[PDB]
């Protein structure tokens, strides 16, 4: 029995196998400024109320503040969803990215998280089963708190070795390379090993987030002490709640689980990994892409927008200034990350370096305004998507790398390690 089978079995109250179709109760339902309207429209035709407003989260992160009339009409319509259904857990523009809000305030281990977003798989780092759903599907979830899901197969990814010169994004890019953009199709990506157990919670959320970029239905990491300490830090979880959570802790024994595929990654010495346009799996080491001049550098997104991502980037921008031909865009993942990075003096480092700061949202990682590339512009982003013409013009280029590389490259003006 794999981890996803373990979680789902405890969820329904009986042993379940991969391939089965079971009814699962939803512990956490969420839509954002882009997926709320359609979900709301469908909900009007179906129900006059929701099943539990305390388990429903709504956040504005895609178009904040409204950059178009249409986006303004979207949030306007989403505002009525909060009103007409009495949604207490509503996060306005500036609160931050939806998944970051869910992580630092809501998601508990062994939960079944249902989200109106493709990258809902991010919250599998808590030891929960989190997948994305369509707007019509989320409507029924809002009205009943239930949904049907097929227990997916599991790809075991063992990350062993030790390398302090690389970050979690460098590792997850390495995993994307060996597996591919279609390698984990219809399958949950169960991370584990020496590195994963010693990896911080900010890093675990990075690995589970890019699960969709490998075709993965979701990503999941076993609940740990780091998971519990994170729950102690970001939220006021009492010791009675940690202990209550530890008795329900789910672990996986040896050979008690049969995986579809079991890949293993040695992290040493593996220099910093960089994804090459126009696909997330096109990952090359730093030496193979050295000297590549860039026009724009973005540091934010759900993948690397947390406090630790800004802190690392701030220590390389602490001395110098952003290159003349390079524009730096910094966007904290949430309102909490923004505040904490203010008092820490992290923001001061950025602004002095000439970095452009935007309100906590999904930045220009999508469509999206707030940082559009022109024809020919190269952007070294820290997000999780390299699709051709995603950050603007169809003939623009996007590179993916850690906040460390992004910070250093912004100074030098070219992709570098020194």
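Residue numbers count along the first chain shown, from 1.
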Ranked by mean Cα B-factor in the entry, 122 to 130 and 278 to 286, top stretch is 278 to 286
Which is higher on mean Cα B factor in this entry, 88 to 96 or 266 to 274?
266 to 274
Given 260, 338, 140, 106, the residue at which the Cα B factor reaches its maximum
260
Third assignment of residue 415 from its chain's C-alpha B-factors:
highest
Should residue 67 be placed in the lowest, middle or highest third of its chain by the C-alpha B factor in the entry?
highest
Using the B-factors in the PDB entry, rank residue 162's C-alpha atom against the chain and give the third, lowest, middle or highest.
highest
Residue 345, C-alpha B-factor rank within chain (lowest, middle or highest third):
middle
Please place residue 218 in the lowest, middle or highest third of its chain according to the CA B-factor in the PDB entry.
lowest
